[PDB]
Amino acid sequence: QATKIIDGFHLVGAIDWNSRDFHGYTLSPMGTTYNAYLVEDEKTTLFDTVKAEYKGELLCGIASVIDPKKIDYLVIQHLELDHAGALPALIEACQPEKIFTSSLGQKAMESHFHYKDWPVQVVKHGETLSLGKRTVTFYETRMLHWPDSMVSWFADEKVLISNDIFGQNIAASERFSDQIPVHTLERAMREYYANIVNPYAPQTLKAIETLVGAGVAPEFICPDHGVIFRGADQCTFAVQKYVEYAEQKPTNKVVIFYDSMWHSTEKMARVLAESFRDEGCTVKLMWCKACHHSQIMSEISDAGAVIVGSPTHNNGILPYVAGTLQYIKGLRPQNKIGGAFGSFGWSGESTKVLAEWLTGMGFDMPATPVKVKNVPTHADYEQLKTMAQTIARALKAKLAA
């Protein structure tokens, strides 16, 4: 069951084909995997752990290479339970001599496991570790995407074990990046980044620079989820893209998302979608009842403009638009132009409220929100056409620098 990466390095763990609800916050339409890394040396070391419920597959995999009693070192790089869920089981089965974790990792281990007597040892940034013939180097990557986050570097073998970093939610027979079509791989990478790492874009960038600062140029990047990046070109692929993702530069893409009860806000949205298309923008029109918030977020990640519609419902906006907005704000998308619109019957707060949201997210609002009393008319359409042109011109402007 274990998969050879290179001599003495195996990928063990579990393929979770069925995962759809990914850890309660986003979706993983292609399932996911839980990746752990067994390193054979004087000190036999296991890097990462899996979801509690997959302890069996992990020990089965390990056992296919070595009797679990022979592992001496446990390296825990992230204390999220999909990574650390099996730690108690592995301690029991392996009776490790030393459990290695970052300084922030040990705190989180405590608050997650409240453990009595574990041979825990905190390593520090750039610290090194002899495993025998091989030596691992530890780098801290706080807030990527948790404070405990740290990565492991094998300078000689050029193997980076990156915990969630560079992860992608892909369940498949293929475990390496080069066995998978680029378009699939990449969309999965972006989906993954946009929905969890995005609010730590800056740390993304600083983290990459100092790893580059050090001599980290992998041939292997080994994430907790998805396929292994195999090859200096692939690993370079990975790092470029992370840089591109954290940078969040605008494109000629417009994402409009809305909800509606009686379709007036839907009609406005459809007209906006058409006007933008006329200004040369690529348009995604997404209904909140048909699109998960993480799906809107994935589309928003490389969009230049985000336009939001809601009718006024009980002195506010529809629940599903509010939820999606809360989601998006949390992930802190950068460099976007905002837009807002809706239908109302009397009090009309929705566009006011929508504008507060976007503004509060640092979105640029060149055009004022179009609000319409109930069912829109040709004039109202003219107004929307106008809002669309203003936004697009500003967009067009932004993309020229």
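Numbers follow the displayed sequence, beginning with 1.
Taking only CA atoms, the mean B-factor in the PDB entry is higher for 194-202 than for the other of 194-202 and 313-321. Averaged over CA atoms, B-factors in the entry run higher in 65-73 than in the other of 65-73 and 345-353. Reading the B-factor column for the CA atoms of 85, 213, 223, 250 in the entry, the top value corresponds to 213. Note on 130, 169, 275, 184: the highest value goes to 130, judged by CA B factor as recorded. In this PDB entry, the Cα temperature factor of residue 14 sits in the bottom third of its chain's modelled residues, the lowest group. Residue 279: CA B factor in the middle third of modelled residues in this chain (values from the PDB entry). Residue-level temperature factors show residue 209 in the highest third of its chain, judged at the C-alpha atom.
Ranked by Cα temperature factor within the chain, residue 257 sits in the lowest third according to the deposited record. The entry lists a Cα temperature factor for residue 231 that places it in the middle third of the chain's modelled residues.
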